[PDB]
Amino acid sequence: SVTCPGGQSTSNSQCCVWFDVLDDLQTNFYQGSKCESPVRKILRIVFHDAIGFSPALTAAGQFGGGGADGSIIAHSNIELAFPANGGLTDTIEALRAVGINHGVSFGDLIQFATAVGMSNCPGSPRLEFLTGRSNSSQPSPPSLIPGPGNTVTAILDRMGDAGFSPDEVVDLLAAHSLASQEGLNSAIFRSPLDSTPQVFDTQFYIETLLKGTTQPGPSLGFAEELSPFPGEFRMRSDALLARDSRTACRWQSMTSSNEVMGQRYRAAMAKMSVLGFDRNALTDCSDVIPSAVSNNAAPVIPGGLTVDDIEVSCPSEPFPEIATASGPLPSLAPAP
């Protein structure tokens, strides 16, 4: 309906500012619309911004956090001291400058950059993008971000408080399809969590279910578990969630369908994106977000492993027919 200055057509004039943010992010933050470390850092940031939201604290007479309020940027001094917020400052500062330059709220910007960054990763769904979150925030309370050494009970309890069911926890973890670690084991920097850290696919769910056989680094880092092949890192929380009776069937159901995984992730991310906000008070600028290039690769069990190497953990459902590959085991290069 509306036409922005750049002859960009859109639903609402509140979207027009986001085209400039798109161009800037794609050129600079994303270094030419790539799916590399900046997107992965932004996914940590979107989660860690949003999850600073705790109805249980509010019920206990305390500030529980404002959710997707950009507090991780506005109050980065406080929040980047939290255990789970390491390795983010450089990204946060990039975001800070974009937000100030274009005059958009920090919480909107994080959500936007997430949608934009996902759009650079093959196979991603089109994440919703809503604009209008206040730029005002208070610091997140501490201790609201699930950590990789937490038990499943702890993770589900925390995520549940924030508002997510166990299924949605699993669904949100599709982001570990585009993932590495840098801070858990310094010896294998950017060791990916799945064999395709630049493709938004089901490989993460498949590979976390493989028998842990491999120590990818010379020693173990924090919350590290054996992985199924060289170069791949496995964090304890993912290992446990793949196998826990409360999450294992959803986890297994992710494995064979990129398209169901993407829908579920999109939905969960939409929910996370408005923790602390009324989505009905925001403006839908989802049309600013382009579609990602499609991923034509099929789910696979890598490296000559078979379903026998999958620790099938959903006791009521057969493991999906997933193609195998030739051996030998791969060695994952560091995520770019």
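If you superpose the two forms and keep the largest set of C-alpha atoms that fall within 1.5 Å, you have the rigid core. All residue numbers are counted from 1 along the displayed sequence.
Asker: Superpose on the core, then say which of 309-317 and 322-330 ends up with the larger RMS Cα offset from this form in 8 other deposited structures of this protein.
Answerer: Between 322-330 and 309-317, greater C-alpha deviation in 8 other deposited structures of this protein belongs to 322-330.
Asker: So, looking at the entry's B-factor column for Cα atoms, which has the higher mean, 11-19 or 321-329?
Answerer: On average, C-alpha B-factors are higher across 321-329.
Asker: Tell me which of 212-220 and 176-184 has the higher mean C-alpha B-factor in the deposited entry.
Answerer: On average, C-alpha B-factors are higher across 212-220.
Asker: For the listed residues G103, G117, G87, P166, which one has the largest C-alpha B-factor as given in the deposited model?
Answerer: It is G103.
Asker: Which one, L43, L305, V293, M272, has the peak C-alpha temperature factor per the PDB entry?
Answerer: Within the set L43, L305, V293, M272, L305 shows the top C-alpha B-factor.
Asker: Report the third (lowest, middle or highest) to which the CA temperature factor of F200 belongs, ranking only the modelled residues of the same chain.
Answerer: Ranked within chain, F200 CA B lands in the lowest tercile.
Asker: What third of the chain does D161 rank in for C-alpha temperature factor, lowest, middle or highest?
Answerer: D161: CA B-factor falls in the middle third of its chain.
Asker: Looking at the C-alpha B-factor of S256, is it in the lowest, middle or highest third of its chain?
Answerer: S256: CA B-factor falls in the highest third of its chain.
Asker: Divide the modelled residues of the chain into thirds by Cα B-factor and specify which third, lowest, middle or highest, holds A268.
Answerer: It belongs to the lowest third of the chain when residues are ordered by C-alpha B-factor.
Asker: Please rank the C-alpha B-factors of the chain's modelled residues and tell me whether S37 sits in the lowest, middle or highest third.
Answerer: Lowest third - that is where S37 ends up once the chain's C-alpha B-factors are sorted.
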